[PDB]
Every structure is written in C-alpha cells, then in structure tokens.
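What's in data-v5.cif: mmCIF, C-alpha atoms; chains and numbers go by the auth columns
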data_input
loop_
_atom_site.group_PDB
_atom_site.id
_atom_site.type_symbol
_atom_site.label_atom_id
_atom_site.label_comp_id
_atom_site.label_asym_id
_atom_site.label_seq_id
_atom_site.Cartn_x
_atom_site.Cartn_y
_atom_site.Cartn_z
_atom_site.B_iso_or_equiv
_atom_site.auth_seq_id
_atom_site.auth_asym_id
ATOM 1 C CA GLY A 1 -18.939 -12.318 -18.441 0.00 1 A
ATOM 2 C CA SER A 2 -22.706 -13.081 -18.806 0.00 2 A
ATOM 3 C CA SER A 3 -21.889 -14.963 -22.090 0.00 3 A
ATOM 4 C CA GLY A 4 -25.144 -17.060 -21.893 0.00 4 A
ATOM 5 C CA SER A 5 -28.548 -17.191 -20.075 0.00 5 A
ATOM 6 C CA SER A 6 -30.114 -14.086 -18.343 0.00 6 A
ATOM 7 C CA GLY A 7 -30.944 -12.925 -14.757 0.00 7 A
ATOM 8 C CA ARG A 8 -34.476 -12.463 -13.269 0.00 8 A
ATOM 9 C CA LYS A 9 -35.951 -9.119 -11.992 0.00 9 A
ATOM 10 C CA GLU A 10 -35.153 -10.400 -8.445 0.00 10 A
ATOM 11 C CA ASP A 11 -31.412 -10.705 -9.425 0.00 11 A
ATOM 12 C CA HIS A 12 -31.400 -6.950 -10.249 0.00 12 A
ATOM 13 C CA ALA A 13 -33.174 -6.327 -6.888 0.00 13 A
ATOM 14 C CA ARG A 14 -30.459 -8.445 -5.097 0.00 14 A
ATOM 15 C CA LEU A 15 -27.643 -6.543 -6.928 0.00 15 A
ATOM 16 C CA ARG A 16 -29.266 -3.156 -5.974 0.00 16 A
ATOM 17 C CA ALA A 17 -29.781 -4.151 -2.293 0.00 17 A
ATOM 18 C CA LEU A 18 -26.232 -5.625 -1.918 0.00 18 A
ATOM 19 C CA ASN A 19 -24.754 -2.499 -3.623 0.00 19 A
ATOM 20 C CA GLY A 20 -26.760 -0.319 -1.130 0.00 20 A
ATOM 21 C CA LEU A 21 -25.342 -2.337 1.829 0.00 21 A
ATOM 22 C CA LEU A 22 -21.789 -1.978 0.363 0.00 22 A
ATOM 23 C CA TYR A 23 -22.425 1.810 -0.055 0.00 23 A
ATOM 24 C CA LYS A 24 -23.394 2.367 3.623 0.00 24 A
ATOM 25 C CA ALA A 25 -20.661 0.002 4.927 0.00 25 A
ATOM 26 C CA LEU A 26 -17.810 1.495 2.777 0.00 26 A
ATOM 27 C CA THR A 27 -18.928 5.058 3.770 0.00 27 A
ATOM 28 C CA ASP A 28 -18.879 3.938 7.449 0.00 28 A
ATOM 29 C CA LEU A 29 -15.206 2.784 7.035 0.00 29 A
ATOM 30 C CA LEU A 30 -14.269 6.169 5.409 0.00 30 A
ATOM 31 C CA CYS A 31 -15.865 7.670 8.598 0.00 31 A
ATOM 32 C CA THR A 32 -13.402 5.740 10.937 0.00 32 A
ATOM 33 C CA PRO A 33 -9.590 5.820 11.584 0.00 33 A
ATOM 34 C CA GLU A 34 -9.806 1.944 11.757 0.00 34 A
ATOM 35 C CA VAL A 35 -9.097 1.724 7.974 0.00 35 A
ATOM 36 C CA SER A 36 -6.507 4.583 8.034 0.00 36 A
ATOM 37 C CA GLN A 37 -5.828 7.516 10.428 0.00 37 A
ATOM 38 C CA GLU A 38 -4.660 9.597 7.414 0.00 38 A
ATOM 39 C CA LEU A 39 -7.823 8.747 5.381 0.00 39 A
ATOM 40 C CA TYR A 40 -10.007 9.710 8.388 0.00 40 A
ATOM 41 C CA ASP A 41 -8.079 13.012 8.900 0.00 41 A
ATOM 42 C CA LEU A 42 -8.528 13.852 5.156 0.00 42 A
ATOM 43 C CA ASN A 43 -12.341 13.663 5.884 0.00 43 A
ATOM 44 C CA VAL A 44 -13.214 11.942 2.522 0.00 44 A
ATOM 45 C CA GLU A 45 -16.816 10.720 1.941 0.00 45 A
ATOM 46 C CA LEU A 46 -18.527 8.694 -0.852 0.00 46 A
ATOM 47 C CA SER A 47 -21.207 10.074 -3.233 0.00 47 A
ATOM 48 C CA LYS A 48 -22.358 6.599 -4.548 0.00 48 A
ATOM 49 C CA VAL A 49 -21.281 2.969 -5.271 0.00 49 A
ATOM 50 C CA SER A 50 -21.932 0.804 -8.399 0.00 50 A
ATOM 51 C CA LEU A 51 -21.647 -3.040 -8.426 0.00 51 A
ATOM 52 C CA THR A 52 -21.169 -5.103 -11.649 0.00 52 A
ATOM 53 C CA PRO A 53 -23.945 -7.571 -12.755 0.00 53 A
ATOM 54 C CA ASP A 54 -21.172 -10.240 -13.046 0.00 54 A
ATOM 55 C CA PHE A 55 -20.323 -9.724 -9.302 0.00 55 A
ATOM 56 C CA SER A 56 -16.764 -9.068 -10.637 0.00 56 A
ATOM 57 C CA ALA A 57 -16.082 -5.526 -9.239 0.00 57 A
ATOM 58 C CA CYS A 58 -17.360 -2.748 -6.915 0.00 58 A
ATOM 59 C CA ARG A 59 -16.793 0.863 -8.181 0.00 59 A
ATOM 60 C CA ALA A 60 -16.895 3.335 -5.250 0.00 60 A
ATOM 61 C CA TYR A 61 -17.303 7.079 -6.010 0.00 61 A
ATOM 62 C CA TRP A 62 -15.683 9.739 -3.726 0.00 62 A
ATOM 63 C CA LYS A 63 -16.274 13.523 -3.306 0.00 63 A
ATOM 64 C CA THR A 64 -13.390 15.768 -4.535 0.00 64 A
ATOM 65 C CA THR A 65 -11.725 19.142 -3.625 0.00 65 A
ATOM 66 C CA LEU A 66 -10.669 22.170 -5.771 0.00 66 A
ATOM 67 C CA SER A 67 -6.945 21.122 -5.467 0.00 67 A
ATOM 68 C CA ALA A 68 -5.848 18.461 -8.012 0.00 68 A
ATOM 69 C CA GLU A 69 -2.688 17.712 -5.911 0.00 69 A
ATOM 70 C CA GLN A 70 -4.856 17.063 -2.797 0.00 70 A
ATOM 71 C CA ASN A 71 -7.244 14.978 -4.993 0.00 71 A
ATOM 72 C CA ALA A 72 -4.307 12.796 -6.199 0.00 72 A
ATOM 73 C CA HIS A 73 -3.118 12.402 -2.540 0.00 73 A
ATOM 74 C CA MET A 74 -6.653 11.385 -1.377 0.00 74 A
ATOM 75 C CA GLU A 75 -7.034 9.034 -4.404 0.00 75 A
ATOM 76 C CA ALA A 76 -3.684 7.274 -3.713 0.00 76 A
ATOM 77 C CA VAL A 77 -4.446 6.668 0.035 0.00 77 A
ATOM 78 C CA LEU A 78 -8.094 5.659 -0.704 0.00 78 A
ATOM 79 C CA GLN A 79 -6.957 3.112 -3.387 0.00 79 A
ATOM 80 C CA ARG A 80 -4.275 1.811 -0.894 0.00 80 A
ATOM 81 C CA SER A 81 -7.048 1.501 1.755 0.00 81 A
ATOM 82 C CA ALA A 82 -9.321 -0.607 -0.565 0.00 82 A
ATOM 83 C CA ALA A 83 -7.806 -4.103 0.127 0.00 83 A
ATOM 84 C CA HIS A 84 -8.084 -3.527 3.926 0.00 84 A
ATOM 85 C CA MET A 85 -11.688 -2.234 3.424 0.00 85 A
ATOM 86 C CA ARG A 86 -12.444 -5.541 1.578 0.00 86 A
ATOM 87 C CA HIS A 87 -11.003 -7.527 4.564 0.00 87 A
ATOM 88 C CA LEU A 88 -12.970 -5.384 7.111 0.00 88 A
ATOM 89 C CA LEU A 89 -16.254 -6.028 5.164 0.00 89 A
ATOM 90 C CA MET A 90 -15.353 -9.791 4.873 0.00 90 A
ATOM 91 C CA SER A 91 -16.293 -10.080 8.614 0.00 91 A
ATOM 92 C CA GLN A 92 -19.979 -10.162 7.418 0.00 92 A
ATOM 93 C CA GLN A 93 -21.348 -13.761 7.674 0.00 93 A
ATOM 94 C CA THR A 94 -23.967 -13.437 4.836 0.00 94 A
ATOM 95 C CA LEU A 95 -21.675 -11.950 2.108 0.00 95 A
ATOM 96 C CA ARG A 96 -19.540 -15.087 1.352 0.00 96 A
ATOM 97 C CA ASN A 97 -17.342 -13.278 -1.248 0.00 97 A
ATOM 98 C CA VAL A 98 -16.862 -9.455 -1.013 0.00 98 A
ATOM 99 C CA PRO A 99 -16.137 -7.989 -4.539 0.00 99 A
ATOM 100 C CA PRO A 100 -12.824 -6.129 -5.254 0.00 100 A
ATOM 101 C CA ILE A 101 -13.188 -2.409 -4.379 0.00 101 A
ATOM 102 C CA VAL A 102 -12.002 0.202 -6.958 0.00 102 A
ATOM 103 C CA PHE A 103 -12.070 3.981 -6.318 0.00 103 A
ATOM 104 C CA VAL A 104 -13.543 6.541 -8.805 0.00 104 A
ATOM 105 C CA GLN A 105 -13.795 10.368 -8.995 0.00 105 A
ATOM 106 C CA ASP A 106 -17.378 11.804 -8.823 0.00 106 A
ATOM 107 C CA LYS A 107 -17.286 13.225 -12.441 0.00 107 A
ATOM 108 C CA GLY A 108 -18.848 10.881 -15.076 0.00 108 A
ATOM 109 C CA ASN A 109 -17.474 9.791 -18.515 0.00 109 A
ATOM 110 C CA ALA A 110 -19.448 12.590 -20.308 0.00 110 A
ATOM 111 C CA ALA A 111 -17.210 12.452 -23.480 0.00 111 A
ATOM 112 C CA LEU A 112 -15.250 9.705 -25.342 0.00 112 A
ATOM 113 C CA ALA A 113 -11.465 10.103 -24.694 0.00 113 A
ATOM 114 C CA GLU A 114 -8.522 10.758 -27.120 0.00 114 A
ATOM 115 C CA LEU A 115 -7.914 6.964 -27.568 0.00 115 A
ATOM 116 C CA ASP A 116 -4.843 5.769 -29.580 0.00 116 A
ATOM 117 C CA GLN A 117 -4.903 3.442 -32.673 0.00 117 A
ATOM 118 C CA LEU A 118 -4.084 -0.332 -32.728 0.00 118 A
ATOM 119 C CA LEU A 119 -2.009 -2.113 -35.463 0.00 119 A
ATOM 120 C CA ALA A 120 -0.224 -5.505 -35.924 0.00 120 A
ATOM 121 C CA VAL A 121 1.949 -7.381 -38.534 0.00 121 A
ATOM 122 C CA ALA A 122 2.780 -11.123 -38.935 0.00 122 A
ATOM 123 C CA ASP A 123 6.397 -12.438 -38.610 0.00 123 A
ATOM 124 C CA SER A 124 8.153 -13.119 -42.004 0.00 124 A
ATOM 125 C CA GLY A 125 9.481 -16.572 -40.899 0.00 125 A
ATOM 126 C CA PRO A 126 10.914 -19.376 -43.156 0.00 126 A
ATOM 127 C CA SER A 127 8.718 -22.035 -44.881 0.00 127 A
ATOM 128 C CA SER A 128 10.964 -24.879 -43.522 0.00 128 A
ATOM 129 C CA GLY A 129 10.481 -26.387 -39.995 0.00 129 A
#
Kindly present the structure from the file in structure tokens form.
Amino acid sequence: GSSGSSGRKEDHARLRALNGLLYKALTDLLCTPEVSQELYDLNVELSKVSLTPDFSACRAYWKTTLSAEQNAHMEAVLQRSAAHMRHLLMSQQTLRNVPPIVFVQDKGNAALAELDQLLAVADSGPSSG
C-alpha cells in the first residue's frame, strides 16, 4: 500500500509505540498456557516484533533451539496459536483492529535466496470471433 501521500513523524512514533505494546502483550501470551498448554510447556519466548507501516501485518520473531525438528514443531504450534493470540489481544478497547500475526525465526535475511525464473507466452487463438 502507501500508493500516495506520506505519514508524519508522529505516525512513526505511533507505529513504534503500538508495535512495543504488541511485543510485550504477545510475549505475555507465550508466557501463559491460556493460548496453548503445549506452547507454554515448550517454553518459547520472542526476541522482537515488527509492524508494517500499512498496518497490514505484525511479524513476531521467536528464539530457536539447536534441533531443527524441534524448531519445526515449535514453529507449527506457534503459527497455529497466532489466530487465537489475535482474538486474545482483541479484548483491548483502544486497539480497534489487531493486525494479523505471522511468526518468524530470529535469523535475518542476510543473503538473497536461490529464486527461480518467470516466463509466459500468449495463446495462439483464431482471428475469427
């Protein structure tokens, strides 16, 4: 989005404050069995959260183990938990519309991936209607 106009310095301050409130509140739900008993027993905790300037999505970053199989198990349950976390945070009176929560591993995009090509061809249809 953001296809026209531009936000003020106070809009960036509002985004940063609201993202900080989402960070504490999401981390508090990871710290309770009220979202999931399994998620609470796995003892997962966030490192940070990032909110889009469009208000379109909330990327939540979680701390990982040495085991990739245990990481995939934690990631699957934490992504399953996200819709219920959104509903639990929707009890706040001031935040009219809680953004969709999406879970992310703590490692950043430090290199551009092995992305595939894209190609297309038009249909050789008849001239007649």
Computed interatomic separation between CA of residue 37 in chain A and CA of residue 108 in chain A (Å) = 28.8 Å
The PyMOL selection byres ((chain A and resi 28) around 12) applied to the shown file, residues as number ranges by chain | A: 21-27, 29-35, 40, 43-46, 85, 88-89
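The space separating CA of residue 10 in chain A from CA of residue 100 in chain A comes to 23.0 Å.
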State, in Å with one decimal place, the distance from CA of residue 16 in chain A to CA of residue 113 in chain A.
->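 We find that CA of residue 16 in chain A and CA of residue 113 in chain A lie 29.0 Å from each other.
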Hits of the PyMOL selection byres ((chain A and resi 60) around 6) in this structure, as a ChimeraX atom specification | /A:49,59,61,103-104
What's the 9 Å shell around residue 99 in chain A, counting all atoms listed in the file, without same-chain residues fewer than 4 positions away, as a list in words?
->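 Counting all atoms listed in the file, the residues come to residues 51, 55, 56, 57, 58 and 86 of chain A.
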Report as a PyMOL selection string the residues that result from applying the PyMOL selection byres ((chain A and resi 64) around 9) to the structure here.
-> chain A and resi 44-45+62-63+65-68+70-71+74+105-106
Given the selection you just returned, output its residues as a file containing C-alpha atoms, formatted as a PDB file, in the coordinates of the input.
ATOM      1  CA  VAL A  44     -13.214  11.942   2.522  1.00  0.00           C
ATOM      2  CA  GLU A  45     -16.816  10.720   1.941  1.00  0.00           C
ATOM      3  CA  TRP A  62     -15.683   9.739  -3.726  1.00  0.00           C
ATOM      4  CA  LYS A  63     -16.274  13.523  -3.306  1.00  0.00           C
ATOM      5  CA  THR A  65     -11.725  19.142  -3.625  1.00  0.00           C
ATOM      6  CA  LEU A  66     -10.669  22.170  -5.771  1.00  0.00           C
ATOM      7  CA  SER A  67      -6.945  21.122  -5.467  1.00  0.00           C
ATOM      8  CA  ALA A  68      -5.848  18.461  -8.012  1.00  0.00           C
ATOM      9  CA  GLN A  70      -4.856  17.063  -2.797  1.00  0.00           C
ATOM     10  CA  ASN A  71      -7.244  14.978  -4.993  1.00  0.00           C
ATOM     11  CA  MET A  74      -6.653  11.385  -1.377  1.00  0.00           C
ATOM     12  CA  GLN A 105     -13.795  10.368  -8.995  1.00  0.00           C
ATOM     13  CA  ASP A 106     -17.378  11.804  -8.823  1.00  0.00           C
TER      14      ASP A 106
END
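With all atoms listed in the file as the basis for measurement, A:75 is the residue among A:75, A:122, A:129, A:116 that approaches residue 102 in chain A most closely.
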Of the candidates A:90, A:114, A:54, A:127, which one gets nearest to residue 7 in chain A if we count all atoms listed in the file?
-> A:54
For range 12-26 of chain A, supply N, CA and C atoms and format the output as a short mmCIF file (atom, residue, chain, number, x, y, z; two decimals), keeping the file's coordinate frame.
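The new file rebuild-v3.cif reads:
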data_model
loop_
_atom_site.label_atom_id
_atom_site.label_comp_id
_atom_site.auth_asym_id
_atom_site.auth_seq_id
_atom_site.Cartn_x
_atom_site.Cartn_y
_atom_site.Cartn_z
N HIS A 12 -31.62 -8.40 -10.24
CA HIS A 12 -31.40 -6.95 -10.25
C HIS A 12 -31.74 -6.32 -8.89
N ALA A 13 -32.83 -6.75 -8.25
CA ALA A 13 -33.17 -6.33 -6.89
C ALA A 13 -32.10 -6.74 -5.86
N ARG A 14 -31.58 -7.97 -5.93
CA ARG A 14 -30.46 -8.44 -5.10
C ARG A 14 -29.17 -7.65 -5.32
N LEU A 15 -28.79 -7.40 -6.58
CA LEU A 15 -27.64 -6.54 -6.93
C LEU A 15 -27.80 -5.13 -6.35
N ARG A 16 -28.98 -4.51 -6.48
CA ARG A 16 -29.27 -3.16 -5.97
C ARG A 16 -29.24 -3.08 -4.45
N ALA A 17 -29.78 -4.08 -3.76
CA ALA A 17 -29.78 -4.15 -2.29
C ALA A 17 -28.36 -4.37 -1.73
N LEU A 18 -27.61 -5.31 -2.31
CA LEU A 18 -26.23 -5.62 -1.92
C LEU A 18 -25.28 -4.45 -2.20
N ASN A 19 -25.46 -3.75 -3.32
CA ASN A 19 -24.75 -2.50 -3.62
C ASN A 19 -25.09 -1.37 -2.62
N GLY A 20 -26.34 -1.27 -2.17
CA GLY A 20 -26.76 -0.32 -1.13
C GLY A 20 -26.12 -0.61 0.24
N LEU A 21 -26.04 -1.89 0.62
CA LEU A 21 -25.34 -2.34 1.83
C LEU A 21 -23.84 -2.04 1.75
N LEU A 22 -23.19 -2.34 0.61
CA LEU A 22 -21.79 -1.98 0.36
C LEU A 22 -21.59 -0.46 0.43
N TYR A 23 -22.50 0.35 -0.13
CA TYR A 23 -22.42 1.81 -0.06
C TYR A 23 -22.41 2.40 1.36
N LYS A 24 -23.35 1.97 2.21
CA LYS A 24 -23.39 2.37 3.62
C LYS A 24 -22.15 1.88 4.37
N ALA A 25 -21.77 0.61 4.20
CA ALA A 25 -20.66 0.00 4.93
C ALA A 25 -19.28 0.57 4.54
N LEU A 26 -19.02 0.82 3.25
CA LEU A 26 -17.81 1.50 2.78
C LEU A 26 -17.75 2.93 3.31
#
